[PDB]
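Have a look below at one chain only, the form deposited in one PDB entry, in structure tokens format.
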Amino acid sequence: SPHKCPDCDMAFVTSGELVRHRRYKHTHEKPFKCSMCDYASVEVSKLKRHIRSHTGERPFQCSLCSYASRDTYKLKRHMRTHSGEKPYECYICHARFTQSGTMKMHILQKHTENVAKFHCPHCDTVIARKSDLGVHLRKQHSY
């Protein structure tokens, strides 16, 4: 911990990533700003990734189908559809999932007590997931 942060218990080996840390967490200085919206980042790379949402530029092409992503890590995640990998394991029932959010959702829906459920206003049926309420609304009533 050579360059200790004067505001918290964290410390960094180079002064550069201390400046970036003090930006992300303490000073929130975002000098790299998008010229098409109010988005700004502590990092230029985050800015450029953001820019590709405006242009539709998908530079990272999947080699097994027509899919292509705006961020390298989204491609990596998409490849799990062709590979069937399931990197995340629930530490309670040990079921496996292709994404971390899916696991968190599983832990919330299967292993958390007294979870607030969603209710359909039109047929008085309890639904566990916000998105399943949306589908229920679209398929059943009128939506």
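Residues that one form lacks are left out of the comparison. The first residue of the shown sequence is 1; numbering continues from there. Here the rigid core means the biggest group of C-alpha atoms that line up within 1.5 Å when the two forms are laid on top of each other.
Look at the mean CA B-factor for 16-24 and for 128-136 in the entry; the higher one is 16-24. Averaged over Cα atoms, the B-factor as recorded in the entry is higher for 29-37 than for the other of 52-60 and 29-37. Among all modelled residues in its chain, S45 ranks in the middle third by Cα B-factor.
Keep in mind that the form deposited in another entry is missing from the display, and what follows is about it.
For the listed set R80, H111, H54, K117, the sole C-alpha moving 2 Å or more between this form and the one not shown on a rigid core superposition is that of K117. Shifted stretches between this form and the one not shown, defined as 3+ consecutive common residues each with a CA displacement of 2 angstroms or more after rigid core fitting, are listed in sequence order as 58-60, 114-141.
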